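Novice: Let me begin by handing over the structure; questions about it come next.
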Amino acid sequence: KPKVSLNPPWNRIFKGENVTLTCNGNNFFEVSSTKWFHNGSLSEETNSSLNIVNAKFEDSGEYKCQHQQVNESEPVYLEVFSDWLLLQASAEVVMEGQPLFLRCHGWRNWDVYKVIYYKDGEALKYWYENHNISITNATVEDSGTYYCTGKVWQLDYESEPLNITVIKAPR
Amino acid sequence: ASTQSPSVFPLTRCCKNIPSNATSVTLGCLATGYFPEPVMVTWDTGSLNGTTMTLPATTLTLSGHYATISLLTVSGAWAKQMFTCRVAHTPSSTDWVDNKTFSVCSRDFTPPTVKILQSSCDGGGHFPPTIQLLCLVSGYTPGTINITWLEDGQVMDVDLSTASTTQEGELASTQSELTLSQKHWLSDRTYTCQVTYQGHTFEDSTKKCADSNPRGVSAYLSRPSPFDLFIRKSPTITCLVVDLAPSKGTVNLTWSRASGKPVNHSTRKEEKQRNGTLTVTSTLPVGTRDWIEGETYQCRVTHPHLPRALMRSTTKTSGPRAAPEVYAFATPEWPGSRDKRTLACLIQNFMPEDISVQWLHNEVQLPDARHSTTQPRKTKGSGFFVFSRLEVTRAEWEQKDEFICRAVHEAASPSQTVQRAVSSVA
Amino acid sequence: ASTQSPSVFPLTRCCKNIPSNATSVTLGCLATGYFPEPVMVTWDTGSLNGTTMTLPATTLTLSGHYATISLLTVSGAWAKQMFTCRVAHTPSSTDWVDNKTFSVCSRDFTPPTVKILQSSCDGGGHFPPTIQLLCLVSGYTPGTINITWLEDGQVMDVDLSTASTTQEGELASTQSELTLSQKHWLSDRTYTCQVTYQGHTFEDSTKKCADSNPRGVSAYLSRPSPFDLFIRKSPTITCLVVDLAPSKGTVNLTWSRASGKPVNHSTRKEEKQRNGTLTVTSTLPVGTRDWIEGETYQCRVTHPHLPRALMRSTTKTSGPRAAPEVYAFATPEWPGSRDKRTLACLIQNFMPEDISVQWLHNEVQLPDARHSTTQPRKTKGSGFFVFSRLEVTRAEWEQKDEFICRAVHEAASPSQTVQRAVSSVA
Amino acid sequence: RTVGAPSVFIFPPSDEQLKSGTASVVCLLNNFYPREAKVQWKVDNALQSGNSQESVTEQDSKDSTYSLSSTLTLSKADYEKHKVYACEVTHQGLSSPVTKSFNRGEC
Amino acid sequence: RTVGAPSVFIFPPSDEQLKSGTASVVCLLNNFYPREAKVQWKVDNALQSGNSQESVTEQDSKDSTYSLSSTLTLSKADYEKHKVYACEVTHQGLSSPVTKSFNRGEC
Ligand SMILES: *[C@@H]1O[C@H](CO)[C@@H](O[C@@H]2O[C@H](CO)[C@@H](O[C@@H]3O[C@H](CO[C@H]4O[C@H](CO)[C@@H](O)[C@H](O)[C@@H]4O)[C@@H](O)[C@H](O[C@H]4O[C@H](CO)[C@@H](O)[C@H](O)[C@@H]4O)[C@@H]3O)[C@H](O)[C@H]2NC(C)=O)[C@H](O)[C@H]1NC(C)=O
Ligand SMILES: *[C@@H]1O[C@H](CO)[C@@H](O[C@@H]2O[C@H](CO)[C@@H](O[C@@H]3O[C@H](CO[C@H]4O[C@H](CO)[C@@H](O)[C@H](O)[C@@H]4O)[C@@H](O)[C@H](O[C@H]4O[C@H](CO)[C@@H](O)[C@H](O)[C@@H]4O)[C@@H]3O)[C@H](O)[C@H]2NC(C)=O)[C@H](O)[C@H]1NC(C)=O
Ligand SMILES: *[C@@H]1O[C@H](CO)[C@@H](O[C@@H]2O[C@H](CO)[C@@H](O[C@H]3O[C@H](CO[C@H]4O[C@H](CO)[C@@H](O)[C@H](O)[C@@H]4O)[C@@H](O)[C@H](O[C@H]4O[C@H](CO)[C@@H](O)[C@H](O)[C@@H]4O)[C@@H]3O)[C@H](O)[C@H]2NC(C)=O)[C@H](O)[C@H]1NC(C)=O
Ligand SMILES: *[C@@H]1O[C@H](CO)[C@@H](O[C@@H]2O[C@H](CO)[C@@H](O[C@H]3O[C@H](CO[C@H]4O[C@H](CO)[C@@H](O)[C@H](O)[C@@H]4O)[C@@H](O)[C@H](O[C@H]4O[C@H](CO)[C@@H](O)[C@H](O)[C@@H]4O)[C@@H]3O)[C@H](O)[C@H]2NC(C)=O)[C@H](O)[C@H]1NC(C)=O
Ligand SMILES: *[C@@H]1O[C@H](CO)[C@@H](O[C@@H]2O[C@H](CO)[C@@H](O)[C@H](O)[C@H]2NC(C)=O)[C@H](O)[C@H]1NC(C)=O
Ligand SMILES: *[C@@H]1O[C@H](CO)[C@@H](O[C@@H]2O[C@H](CO)[C@@H](O)[C@H](O)[C@H]2NC(C)=O)[C@H](O)[C@H]1NC(C)=O
Ligand SMILES: *[C@@H]1O[C@H](CO)[C@@H](O[C@@H]2O[C@H](CO)[C@@H](O)[C@H](O)[C@H]2NC(C)=O)[C@H](O)[C@H]1NC(C)=O
Ligand SMILES: *[C@@H]1O[C@H](CO)[C@@H](O)[C@H](O)[C@H]1NC(C)=O
Ligand SMILES: *[C@@H]1O[C@H](CO)[C@@H](O)[C@H](O)[C@H]1NC(C)=O
């Protein structure tokens, strides 16, 4: 089947930010045209990559793609927020040992200082500036509801929490 | 629209443009910012003759206010004669009189200028243990001059600074030196050099320097004061938004009630500060019964450069109630304090925390600035307390030695006020 | 070794060391740093008759060259007489003659002082388009003076700065103003003011400052509490550094005095906080007298990830002194509260702001948790005030009904302590 | 009556009005006939519109003339953003439009 | 001959030697007999050793006394950091060791 790829990979963006959904599978059938499915409705884009420009609140929701095959792609979900700090994350469900990058991101390239990540309530790591937590070998205990506290323009802001859960790759 | 009192300002032609041989001159007064019509203007010319003529008013488009100009034309010894304009607005009050007294010419002098220099930190980037601020008032026409230093706007004692004036030729030069600890300088406080010269004010500002100064908008929302709620009976709430970056455009500021019932019209002031920000204040009148019965009011702040809307809300405290205890005291007489005394008041065991404290003397409630009042703090048991301190002078207690400390508080009975008198001599 | 010419220098006593009534004086010339032997020294004494004397040379240990002193003792009008010493070194050359001409009281060294002042940045901390540096040479005996500016040790063009000189009484003052671009100031180059007075060089330097928070870390440094200082006679100061990273590599914490005298060991302590940050706290005991006489204490922190060392400094106040007034009151009985009272203490008009407040009952100091004291705030005139509040029980005043409010403050005499007792029944 | 020229005057805002946070630069046209008088405000030689309010008086009972005052209303900050302030008076009694000007710092 | 006391003098370094970067503090002991004279260097009331060179002449042919010059050699920074410089002369002709001193502030 054609799986759906995200550039940048992050399914949680800010209002107004861009993202481009690309969708590809094994080339058993030659690539001619693609179908897009915002919420269930067919989008007016044929191209294999759809560029979601300037996010609005209505740009939220279930996304899906399709080719001339007999069967469809998975229901990737894209929530869109306007707020001060969004604790972005690579994937919402991962299997151990895949790369996981986390990023406590601030509105319009703004720089968040005194950044602290929380995993399930406890302080996982703190750094002076914003950082890219990166765990390449996710453990099954890594599953938690995460959130990050930061300081943007001298004021304190907590991101909305986001739960992530790992699974065992055998079975 | 509410009744508004006019602001009266002079209007004289500028004397470099006035010919010296002109035997006659026209001056005037602008009365602007009042509701409703009319005002009456009279002119006292001293001893000269004069012709008074008042124009029809102009309705200001932006605010709907009225602006009228009343002119006087005089002849004779015009340049040396005092001139007074007296404006009465009987809608404001029957005895409302604005008296503005001035001359045709306030004369021409060279502008003084002000600049502030500072100690340099050393070759390693470290501050010295004390910081010198040197306020320099460059060449001005010799005259009486005063320099005041302010720390975040509050006057410091003159003992902590020096001042020096020299004269070279026909021009004076003034310098003032202020000494500060390194600790105060590193705390990012802002210091103002205030120059008073011939009844005109100049100023300059400084704070600890910086390679960069990020700042963001913050917002605060007050409750009505008990004094305004129960004595004045005209409660208001204020949404104050500070430290916004003066970008392009006006900041969107909206009042709403959780019930969906209508809000009154609010007033809005925007003011640039010494420290580089723009502070916006919005004041909303609230209903007295509305507030007392538990309504919740919301201030919503939006701006295109903001990430999200900023929201603040305010409502009557849901805690229990308890009446204030009041105690007033005078300090004893001792050496060095013969003609100035200090009075004190303790207000305690009240609940909830919002309270207004004033001092009354001889059938006038003295201005709030005369005294100081601490912030409410928790008692060990149940309720809050505050202290108030009032320095008084000999003429006041010789006028009347009874000084009343009064607290206004929602739980006080029977009329939401409690007061106690003290006499210093007994 | 190699052949080296002697360096010839005069040798005369200080003008305050030579007695005015001396009938004879001994002067000399030191010829140092020559190799091999010998040198030949002669003296031109003008019209006076004197006795010359040549000593054997002493070999310099560091280079192996020779150093000799040639003295001359004269009598008569030796103060006004001009003396020449003529040294030749025949290994160097047959006609190398060093003629050093000087009087017995030619001059004493006179150190002009150097200080660098600088432009302001404004009230938002932003830099102006240019930076002024003002080098001041204040209060020196008049004479020839030159001022040169260096940028990273190279002489800048003469037209880029302007110097001026004034005189007041005996003492002279000189100033020089340099204009820099904002970019140059912000590049962190070092600027040196080089003052050459009577042929000798005096220097001061500056570079872009360092604003106390390089990587978002904060550091705070307290003063001793007056209670610790004057009652326990064990004053301590505390340096606390917050928001460091929990990485490896221990932080380097060092204490020092500006005078270089030794400091004791401190209580170095680290602990990770619940929010994932790391705080380091150290408490240093300091000498009581050392503090009272105005020593400056410095806390210096270095972490491997920080780009430069971070320093904080603390010292005693530089303002005037005023002892506190202490007033103590007992509340009268309030209906329904038979078994409790509140004691209020007003402490006022003291300078500087540092103060400790204690309460005592039955000659023993009560726990701090029993009473609440406000933070120092300014009075209307000179000095600061605080209020203290203590709730007491019937069992306590029936045990002993006298309670003492005691203030410890640096300006109080004779032992930095003033107290006032109060009774609830009277 | 005959055609009377306007006596053209200009008045700055007072320092107390600058303390109040507003500014009203006045151009007075005293004792003109006929009533058709045009006042054009310029600030640093840039024409202004939407902030000029012209109070026009009645016909005087003695000389049968009229009076006018054009009030240019600005903010305090907008007042000190500029230096030159002038008003141009076009009228039948003036052969050319008379421009009366002043500056802030000379006063 | 008879026991002669040293006339003890102290000479500061010249400012030209400070321009050269060295400093030679001289203590002159004039006209003393016998030759056994001890010179000690007290810099800010701290005894110095290993940086002093004593030059002694032969017996004079007129008074049969001796002349000594003790030279304390230091750097310019080492000279400028210290304030009071003194030489203490112990000799048979002196009942107490005579200390002759000067101060950098007044020299
Ligand atoms: C640049 O310059 C501007 C102007 O000087 C500074 O603006 C100040 O900002 C501070 C905070 O950012 C303001 O302080 C706030 O004032 C509010 C107004 O309350 C006043 O009015 C009530 C009457 O109802 C009085 O009782 C009260 O005492 C005040 O006089 C307060 O309500 C705020 O309190 C809030 O914060 C405290 C914590 O500090 C909480 O405990 C409270 O519960 C409440 O939430 C607050 O104190 C200050 O008023 C502003 N100045 C002016 C003139 O308005 C900028 O801060 C400055 N920026 C920099 C970087 O220097
Ligand atoms: C993670 O959690 C830690 C705590 O575990 C937080 O660390 C706190 O950081 C704050 C911010 O600096 C600290 O607050 C500071 O406390 C100092 C302690 O002073 C003591 O002594 C004085 C005088 O006797 C007392 O009055 C005071 O109450 C204390 O007992 C204060 O001196 C500091 O004052 C500073 O701010 C004021 C304005 O409020 C200025 O006027 C001052 O000049 C000065 O600049 C300050 O209040 C706090 O103490 C720290 N906690 C602990 C336990 O020490 C971290 O901040 C937190 N991480 C993040 C990212 O927030
Ligand atoms: C495809 O299906 C999707 C879901 O099936 C649809 O997504 C939904 O769209 C609506 C409207 O576009 C979203 O509602 C959002 O907008 C209103 C109005 O915005 C105001 O409130 C915001 C509060 O966050 C402010 O930030 C704004 O500035 C503005 O003042 C909000 O009231 C909503 O907020 C609520 O929901 C969000 C989470 O979405 C919470 O964070 C808030 O606290 C509050 O509870 C929304 O912001 C709706 O959120 C969205 N659904 C999701 C899951 O995001 C989509 O419209 C549809 N598309 C098409 C083409 O059919
Ligand atoms: C990411 O992490 C989040 C944080 O843990 C997860 O949210 C959690 O969801 C669970 C639901 O599975 C919540 O658990 C219960 O929440 C409320 C609170 O229960 C209270 O009342 C009960 C009596 O009714 C008591 O017995 C409880 O002890 C408690 O006091 C319940 O109402 C829920 O009931 C729901 O689920 C049951 C099935 O279990 C249904 O039968 C019910 O009809 C109802 O629909 C839950 O029992 C938990 O509180 C919540 N955590 C937080 C912090 O909010 C989130 O699910 C997770 N997501 C992923 C993808 O991993
Ligand atoms: C989101 O993507 C669009 C598409 O490229 C960007 O649009 C460009 O905008 C810049 C200036 O804003 C123009 O110079 C380009 O021509 C635009 N590109 C196209 C293809 O038209 C847009 O800028 C992006 N948004 C953000 C916030 O980066
Ligand atoms: C997803 O793709 C697979 C690929 O064939 C589909 O599998 C067949 O689906 C039909 C559905 O009508 C069944 O009748 C067949 O028996 C399935 N083939 C098998 C099981 O070998 C599958 O149906 C597709 N799913 C959807 C929803 O289209
Ligand atoms: C977190 O990781 C992402 C991707 O791994 C980083 O995004 C890159 O940032 C650099 C520098 O800002 C850019 O040049 C790249 O183009 C970005 N790549 C992508 C895919 O976005 C992000 O910067 C990292 N965050 C931190 C704090 O290092
Ligand atoms: C789709 O791809 C084609 C191929 O280059 C391109 O010309 C076209 O612009 C694309 N459409 C969009 C919407 O990007
Ligand atoms: C994760 O750790 C295990 C340790 O047993 C190792 O075998 C595996 O290769 C690691 N995977 C990655 C992606 O580092």
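Basis: the model, the stated rules and, where named, an outside source; none is laboratory data. Cβ atoms come from the backbone with ideal geometry, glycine included; neighbour counts cover every protein chain shown.
Novice: Considering segment A:6-21 alone, what residues qualify as being within 16 Å of ligand 8 (Cβ to nearest atom) and not in a loop (DSSP other than H, G, I, E, B)? Let's see the steps before the verdict.
Specialist: Applying the first criterion (within 16 Å of ligand 8 (Cβ to nearest atom)) to segment A:6-21 yields A:7, A:18-21.
The answer is A:7, A:19, A:20, A:21.
Novice: Does segment B:350-357 contain any residue that is within 30 Å of the chain's Cα centre (by Cα) and hydroxyl-bearing (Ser, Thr, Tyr)?
Specialist: For segment B:350-357, residues within 30 Å of the chain's Cα centre (by Cα) and hydroxyl-bearing (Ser, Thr, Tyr): present.
Novice: Sticking with this one: Specify the residue that is nearest to residue C:245 (Cα to Cα); the eligible residues are those in segment A:90-136 that are within 16 Å of ligand 2 (Cβ to nearest atom) and not in a strand (DSSP E or B).
Specialist: A:128
Novice: Taking residue D:88 as the residue in question, decide whether it is of a type in the set (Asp, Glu) and surrounded by 17 or more Cβ atoms within 10 Å (Cβ to Cβ).
Specialist: On the way: of a type in the set (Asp, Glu): yes; surrounded by 17 or more Cβ atoms within 10 Å (Cβ to Cβ): yes.
Yes.
Novice: Could I ask something else about it? Mind checking whether some residue in segment B:43-61 is among the aromatic types (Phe, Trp, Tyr), within 25 Å of the chain's Cα centre (by Cα) and closer than 20 Å to residue D:69 by Cα?
Specialist: So in segment B:43-61, the residues among the aromatic types (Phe, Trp, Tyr) come out as B:43.
Checking the rest, the ones that are also within 25 Å of the chain's Cα centre (by Cα) come to none.
No, segment B:43-61 has no match at all.
Novice: Examine segment B:146-160 for a residue that is touching a residue at least 60 places away in the same chain (Cβ under 8 Å), farther than 30 Å from residue C:214 by Cα and not hydrophobic (A, V, I, L, M, F, W, C), and state whether such a residue exists.
Specialist: no
Novice: Would segment B:201-209 turn up any residue that is assigned to a strand (DSSP E or B) and basic (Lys, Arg)? It would help to see each step written out before you state the result.
Specialist: As a first pass, look at segment B:201-209 and keep what is assigned to a strand (DSSP E or B): B:201-207.
From the residues that got through so far, the ones that are basic (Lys, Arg) too are B:207.
Yes: segment B:201-209 contains one or more residues that are assigned to a strand (DSSP E or B) and basic (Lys, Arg).
Novice: A further question follows. Within the set of pairs 6 or more residues apart or between chains, which connect a residue that is under 15 Å from residue E:38 (Cβ atoms) inside segment E:50-76 to a residue that is part of a loop (DSSP other than H, G, I, E, B) and among the polar types (S, T, N, Q) with Cβ atoms less than 7 Å apart?
Specialist: Note: pairs meeting the criteria are E:66/E:57; E:66/E:59; E:72/E:51.
Novice: Inspect all residues belonging to segment A:147-167 and state whether any of them is away from ligand 5 (no atom under 16 Å from the Cβ), small (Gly, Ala, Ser) and either outside the structural domain of residue A:60 (by TED's automatic domain parsing) or surrounded by fewer than 17 Cβ atoms within 10 Å (Cβ to Cβ) (or both).
Specialist: Yes, because at least one residue in segment A:147-167 is away from ligand 5 (no atom under 16 Å from the Cβ), small (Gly, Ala, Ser) and either outside the structural domain of residue A:60 (by TED's automatic domain parsing) or surrounded by fewer than 17 Cβ atoms within 10 Å (Cβ to Cβ) (or both).
Novice: Just need a number here: residues in segment B:183-210 that are closer than 30 Å to residue B:301 by Cα and either surrounded by fewer than 20 Cβ atoms within 10 Å (Cβ to Cβ) or within 16 Å of ligand 8 (Cβ to nearest atom) (or both).
Specialist: Summing the residues that are closer than 30 Å to residue B:301 by Cα and either surrounded by fewer than 20 Cβ atoms within 10 Å (Cβ to Cβ) or within 16 Å of ligand 8 (Cβ to nearest atom) (or both) in segment B:183-210 gives 5.
Novice: Condition first: within 14 Å of chain C (Cβ to nearest Cβ) and either in a strand (DSSP E or B) or in contact with a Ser or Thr (Cβ under 6 Å, 6 or more places away or on another chain) (or both). Can you find one or more residues in segment B:101-113 that meet it? Lay out the reasoning, then the answer.
Specialist: Step one: of segment B:101-113, the residues within 14 Å of chain C (Cβ to nearest Cβ) are B:113.
Next, from what is left, pick out any that are either in a strand (DSSP E or B) or in contact with a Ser or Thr (Cβ under 6 Å, 6 or more places away or on another chain) (or both): B:113.
Yes, that holds for at least one residue.
Novice: Looking at segment A:7-21, I want the residues that are away from chain B (no Cβ under 14 Å) and closer than 13 Å to residue A:61 by Cβ and have a partner that is part of a loop (DSSP other than H, G, I, E, B) and more than 16 Å from ligand 9 (Cβ to nearest atom) with Cβ atoms under 8 Å, at least 6 apart or on another chain. Which pairs are those?
Specialist: A:11/A:92
Novice: Would you tally the residues in segment C:114-137 being assigned to a strand (DSSP E or B) and within 12 Å of chain B (Cβ to nearest Cβ)?
Specialist: As a first pass, look at segment C:114-137 and keep what is assigned to a strand (DSSP E or B): C:115-118, C:130-137.
So of that shortlist, the ones also within 12 Å of chain B (Cβ to nearest Cβ) come out as C:115-118, C:131-136.
The total comes to 10.
Novice: Kindly check whether there is at least one residue in segment B:16-36 that is surrounded by 16 or more Cβ atoms within 10 Å (Cβ to Cβ) and more than 14 Å from chain D (Cβ to nearest Cβ).
Specialist: Checked segment B:16-36: at least one residue is surrounded by 16 or more Cβ atoms within 10 Å (Cβ to Cβ) and more than 14 Å from chain D (Cβ to nearest Cβ).
Novice: For segment B:186-218: of the residues being of a type in the set (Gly, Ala, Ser), within 14 Å of chain A (Cβ to nearest Cβ) and touching a residue at least 12 places away in the same chain (Cβ under 8 Å), which is farthest from ligand 1 (Cβ to nearest atom)?
Specialist: Initial filter on segment B:186-218 (of a type in the set (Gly, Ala, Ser)): B:187, B:199, B:205, B:210, B:212, B:216, B:218.
Adding the requirement that they be within 14 Å of chain A (Cβ to nearest Cβ) leaves B:210, B:212, B:216, B:218.
So of that shortlist, the ones also touching a residue at least 12 places away in the same chain (Cβ under 8 Å) come out as B:216, B:218.
Numbers: B:216: 10, B:218: 5 Å.
Ranking the candidates gives B:216 first.
Novice: Being in contact with a strand residue (DSSP E or B) (Cβ under 6 Å, 6 or more places away or on another chain) and over 15 Å from residue A:34 (Cβ atoms) is the filter; apply it to segment A:58-76 and report the residue that is farthest from ligand 1 (Cβ to nearest atom). Before the answer, list the steps.
Specialist: To start, the set of residues in segment A:58-76 that are in contact with a strand residue (DSSP E or B) (Cβ under 6 Å, 6 or more places away or on another chain) comprises A:59-66, A:72-73, A:75-76.
Pick out the ones that are also over 15 Å from residue A:34 (Cβ atoms) and you get A:59-62, A:75.
Values: A:59: 35, A:60: 34, A:61: 38, A:62: 42, A:75: 44 Å.
It comes out as A:75.
Novice: Of everything in segment A:73-114, what is out of contact with any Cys (no Cβ under 8 Å at 6 or more places or on another chain) and within 16 Å of ligand 6 (Cβ to nearest atom)? Give them in sequence order.
Specialist: Matches in segment A:73-114: A:74, A:75.
Novice: On the basis of being buried (at least 21 other Cβ atoms within 10 Å of the Cβ), touching a residue at least 12 places away in the same chain (Cβ under 8 Å), more than 10 Å from chain C (Cβ to nearest Cβ) and not acidic (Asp, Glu), does residue E:11 make the cut? First the steps, then the outcome.
Specialist: Values: buried (at least 21 other Cβ atoms within 10 Å of the Cβ): yes; touching a residue at least 12 places away in the same chain (Cβ under 8 Å): yes; more than 10 Å from chain C (Cβ to nearest Cβ): no; not acidic (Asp, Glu): yes.
Against the criterion (buried (at least 21 other Cβ atoms within 10 Å of the Cβ), touching a residue at least 12 places away in the same chain (Cβ under 8 Å), more than 10 Å from chain C (Cβ to nearest Cβ) and not acidic (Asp, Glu)), residue E:11 does not qualify.
Novice: Could you check segment D:1-57 for strands (runs of 3 or more DSSP E) lying wholly inside it with 3 or more residues that are more than 19 Å from residue D:98 (Cβ to Cβ) and out of contact with any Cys (no Cβ under 8 Å at 6 or more places or on another chain)? First the steps, then the outcome.
Specialist: On the way: elements: D:7-11, D:22-32, D:38-43, D:52-56.
Qualifying strands (runs of 3 or more DSSP E): D:22-32.
Novice: I'm trying to understand the selection: among the residues of segment D:16-27, which are within 7 Å of chain B (Cβ to nearest Cβ) and not hydroxyl-bearing (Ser, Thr, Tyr)?
Specialist: Initially, segment D:16-27 is screened for residues within 7 Å of chain B (Cβ to nearest Cβ), giving D:16-17, D:20, D:24, D:26.
D:16, D:17, D:26, listed by residue number.
Novice: Looking at (1) touching a residue at least 60 places away in the same chain (Cβ under 8 Å); (2) within 13 Å of another protein chain (Cβ to nearest Cβ), find the lone condition where residue A:92 falls short.
Specialist: Among (1) touching a residue at least 60 places away in the same chain (Cβ under 8 Å); (2) within 13 Å of another protein chain (Cβ to nearest Cβ), the lone unmet condition for residue A:92 is (2).
Novice: With (1) in contact with a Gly (Cβ under 8 Å, 6 or more places away or on another chain); (2) away from every other protein chain (no Cβ under 12 Å) as the list, and residue B:95 as the residue in question, which single condition is left unmet?
Specialist: Tallying (1) in contact with a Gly (Cβ under 8 Å, 6 or more places away or on another chain); (2) away from every other protein chain (no Cβ under 12 Å), residue B:95 fails exactly one: (1).
Novice: So, one more: Just checking, does segment B:254-269 include any residue being of a type in the set (A, V, I, L, M) and surrounded by 18 or more Cβ atoms within 10 Å (Cβ to Cβ)?
Specialist: To start, the set of residues in segment B:254-269 that are of a type in the set (A, V, I, L, M) comprises B:258, B:263.
Restricting the remaining residues to those that are surrounded by 18 or more Cβ atoms within 10 Å (Cβ to Cβ) gives none.
No, segment B:254-269 contains no residue that is of a type in the set (A, V, I, L, M) and surrounded by 18 or more Cβ atoms within 10 Å (Cβ to Cβ).
Novice: Here is a further query. Filter segment A:101-117 for residues that are touching an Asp or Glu at 6+ places or on another chain (Cβ under 9 Å), within 13 Å of chain C (Cβ to nearest Cβ) and not basic (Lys, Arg) and give the result.
Specialist: Step one: list which residues in segment A:101-117 are touching an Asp or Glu at 6+ places or on another chain (Cβ under 9 Å), which gives A:107-108, A:111-115.
Next, only the ones that are within 13 Å of chain C (Cβ to nearest Cβ) stay: A:111-115.
Within segment A:101-117, A:111, A:112, A:113, A:115 qualify.
The rows are residues; the columns are (1) of a type in the set (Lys, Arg); (2) within 14 Å of residue B:227 (Cα to Cα); (3) touching a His at 6+ places or on another chain (Cβ under 6 Å).
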position: B:371; (1), (2), (3): no, no, no
position: B:374; (1), (2), (3): no, no, no
position: B:383; (1), (2), (3): no, no, no
position: B:389; (1), (2), (3): yes, no, no
position: B:403; (1), (2), (3): no, no, yes
position: B:417; (1), (2), (3): no, yes, no
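Novice: Same structure again: So, in segment C:243-260, of the ones that are within 14 Å of another protein chain (Cβ to nearest Cβ) and farther than 16 Å from residue C:300 by Cβ, which residue ends up farthest from ligand 4 (Cβ to nearest atom)?
Specialist: That would be C:248.
Novice: Among the residues of segment A:43-56, is there at least one that is near ligand 3 (Cβ under 9 Å from one of its atoms), at negative phi and not in a strand (DSSP E or B)? Please lay out each step first, then the result.
Specialist: From segment A:43-56, those near ligand 3 (Cβ under 9 Å from one of its atoms) are A:56; that's our starting set.
Now narrow it down to the ones that are at negative phi: A:56.
Subset that is not in a strand (DSSP E or B): A:56.
There is at least one residue in segment A:43-56 that is near ligand 3 (Cβ under 9 Å from one of its atoms), at negative phi and not in a strand (DSSP E or B).
Novice: Something else about it: Which is part of a strand (DSSP E or B), surrounded by 13 or more Cβ atoms within 10 Å (Cβ to Cβ) and within 14 Å of chain C (Cβ to nearest Cβ), of B:280, B:326? Break it down into steps so the answer makes sense when it comes.
Specialist: Working: B:280 fails: within 14 Å of chain C (Cβ to nearest Cβ).
Being part of a strand (DSSP E or B), surrounded by 13 or more Cβ atoms within 10 Å (Cβ to Cβ) and within 14 Å of chain C (Cβ to nearest Cβ) holds for just one of B:280, B:326, which is B:326.
Novice: Answer yes or no as to whether residue C:137 is of a type in the set (A, V, I, L, M), over 24 Å from residue B:134 (Cα atoms) and touching a residue at least 60 places away in the same chain (Cβ under 8 Å). Quick ask: steps written out before the conclusion?
Specialist: Values: of a type in the set (A, V, I, L, M): yes; over 24 Å from residue B:134 (Cα atoms): no; touching a residue at least 60 places away in the same chain (Cβ under 8 Å): yes.
Criteria not met by residue C:137.
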